[PDB]
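In the structure tokens that follow, the same protein chain appears in two forms, which are kept apart as structure 1 and structure 2.
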Structure 1
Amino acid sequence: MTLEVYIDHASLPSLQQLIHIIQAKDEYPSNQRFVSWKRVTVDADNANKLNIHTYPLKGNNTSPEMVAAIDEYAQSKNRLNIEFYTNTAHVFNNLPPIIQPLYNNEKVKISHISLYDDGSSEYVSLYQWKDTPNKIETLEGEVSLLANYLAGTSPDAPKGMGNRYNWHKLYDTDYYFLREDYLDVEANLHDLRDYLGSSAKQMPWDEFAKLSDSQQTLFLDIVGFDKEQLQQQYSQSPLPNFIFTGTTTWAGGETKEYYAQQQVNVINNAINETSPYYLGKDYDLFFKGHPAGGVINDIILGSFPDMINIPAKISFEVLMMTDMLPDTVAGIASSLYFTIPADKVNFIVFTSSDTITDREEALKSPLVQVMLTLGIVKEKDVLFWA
């Protein structure tokens, strides 16, 4: 048999994975699927339809429940191929708890590994690492370290990049990149590009359209996106559509109400003809808040009578994948903006902290520098707050 294992706490690997599962259900009807997701929830209803067995996560990562169930499923069969699907930044947290106890089992084969970028996280890390002396050499030497670590013959694990981009050396592995081209534009990462070779791939955004109506309905049901509704709302007025992406409480420790008020002021500046925040022309107002915004989201909506809400618990990345991105998007910088077309990104804002205290320091943060390099925003479109 073949067992498919899915592990993710975030949004993007899960969505890409859900696409794959709906496809695979039809190509491999006899396959069994174990899924540990957090941001996306498969009910017993749709689980029965995709041959999914759900297990909880321990925090963000693989749980003993999933492990014990994979062991149980293994010792039964005469022979087992296992396919892993997970989040790239958390790969080292998720796969070894499963691979170690299974390693000496003559009957079990790890036959494929698919890794998907969380979001900005991977790119911030590559940025900080890209100027590290003898980096590819170092990786090459950490291969044995990962191999021995997985085999349980040594207590030492590779630190850093070696526990992340060495998987394709031991296993048939695809690294699915949010932005594969970053390896090409950043010349400091050309040698990593050579190191990964064909194992590095680019995430597609248009798979959803190639599913049947019935498969799209299921996809949308599982992720909880009333797509037809939003399509209707976009057209309630003929003016172009603007989504302001909200955040939850940041540095300072104020009453959550204070943080809603400030975002309301950003929205107010964003409409104003006279602000450097001005979007460009008249737009219809939409809002997708943080899933934990709670009373932040309520106040933001209570401030704009004609504004229309997009359900906060949705993974915002769903939009881009189902062609439901609006004309323009703006808000406080977050991982979301790594999956949005540059001319759909109007501007991003940065806050205050004891770490980032002026605009200059915000412009040199890894996060901004990467977005600049990838072409997502220009510096004038990066803005700083109090």
Structure 2
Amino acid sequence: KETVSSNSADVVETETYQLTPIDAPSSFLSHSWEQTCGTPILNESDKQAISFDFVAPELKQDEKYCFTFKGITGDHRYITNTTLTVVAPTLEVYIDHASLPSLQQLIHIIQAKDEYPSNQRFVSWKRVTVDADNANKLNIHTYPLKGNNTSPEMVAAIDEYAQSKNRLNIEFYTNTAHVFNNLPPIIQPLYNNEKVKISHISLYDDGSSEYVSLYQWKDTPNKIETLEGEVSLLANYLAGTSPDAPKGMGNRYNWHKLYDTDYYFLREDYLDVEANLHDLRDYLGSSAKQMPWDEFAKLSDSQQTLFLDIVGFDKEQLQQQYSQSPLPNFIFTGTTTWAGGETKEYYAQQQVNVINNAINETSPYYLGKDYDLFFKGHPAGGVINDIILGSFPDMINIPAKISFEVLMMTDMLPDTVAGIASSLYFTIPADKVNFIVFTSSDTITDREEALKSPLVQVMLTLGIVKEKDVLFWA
């Protein structure tokens, strides 16, 4: 009667792995450990041990070590084959000032803590706060940003961490639009150090901003040729052999030419539907990826609870509120103020008028059916929020501290969304966008100027809205 068990594991340099039989009895007529590959490391005494410690050495490169345990009872032979790979430590570095990249990164961290329990994480987020308990649960050390970008504090901490290791891999996670502001200050002083490798870069769209920039860039003559030409410009800048850096797209969409890089697109299909971006689609190739929305649902219940706790979203309360009335649910997107020099009771009153129109059956912009009212005012809306809320007794408030990206990622979008237009709509599925309202600004003074604005043009191309869905409110 024969049993063979096999397994494999990565062991970080200087850490310990206990070699042991897999699912075997605790005693044997005879037994032995053998090493079958890798630099000899097995102690003589351990050959007759049942379990013993493998302490990963510090090496010039990764190396696998194979061990076989053979154990014999009177009716059964047990074999365990364990292959251990000694690997460099990995430092994960997270830098973001916006919401969506930080939220995506947080999900990744929750996953990676379980899959890679030895990895240290350095985190600089502006809009996501991790308290001490959660930071320790996730092996996070937090560092401030300098304004919106990488701080000297973080640069120094990374330098010190690297100096402390025999070898090191660094993974970067940051936002696409400002990757050039965030990563070179870390890469440059490390560049000359052969023991430090940038093993991966994950870039995440912040929101509509990357799409406005692509829209404004798509008709640039010779744009891919210029992009190609600036690879060396980026490279020499990182290498410290030139003080000159690429400007524009060349410092954003060339990273995959130099490092293993993923670009997570909020709307990757923009690269398909906009014909003048087919050349960028081709240039990015497999490095362009679709940002996922369902990873939260694939987390465990406790992992989900941790996420929700960190972002401060009482999901169950909102689900209860959605279910209070059996009517489908409508979220009105509120704003603070706009142009006109107006009083605050006007900006609130105008928003009240929009909502009134939405729920008025005789209005041409009627939502279409009876909905329960919900309100998401601007995080700094203040008494405007209070005035608007007080005008609709049954309307349920959704705390402004709770970003719209959180709703989408936790599958908590309502049945329909409408109100004052902003970048949040870029994030919502088309069948859930009822209408968006533009107000007077420095650049928008009537409906026609709203429709021609870059943001709307991209949303029209992506089919998020149709022109009829775009309204103007002086």
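Note that the rigid core is defined as the largest set of C-alphas that superpose within 1.5 Å between two forms. Sequence positions of structure 1, starting at 1, serve as the residue numbers.
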Core-aligned between the two structures, the sole member of 217, 188, 132, 255 showing a Cα shift of 2 Å or more is 255
By the 2 angstroms cut-off, has the C-alpha of residue 275 moved between the two structures once the rigid core is superposed? yes
When you overlay the rigid core, is the Cα of residue 98 off by 2 Å or more between the two structures? no
Does residue 294 move appreciably between the two structures, meaning a CA displacement of 2 Å or more on the superposed rigid core? yes
For residue 333, what C-alpha shift in Å results between the two structures following superposition on the rigid core? 1.9
Cα shift between the two structures at residue 357, which is computed once both forms share a superposed rigid core (Å): 2.1
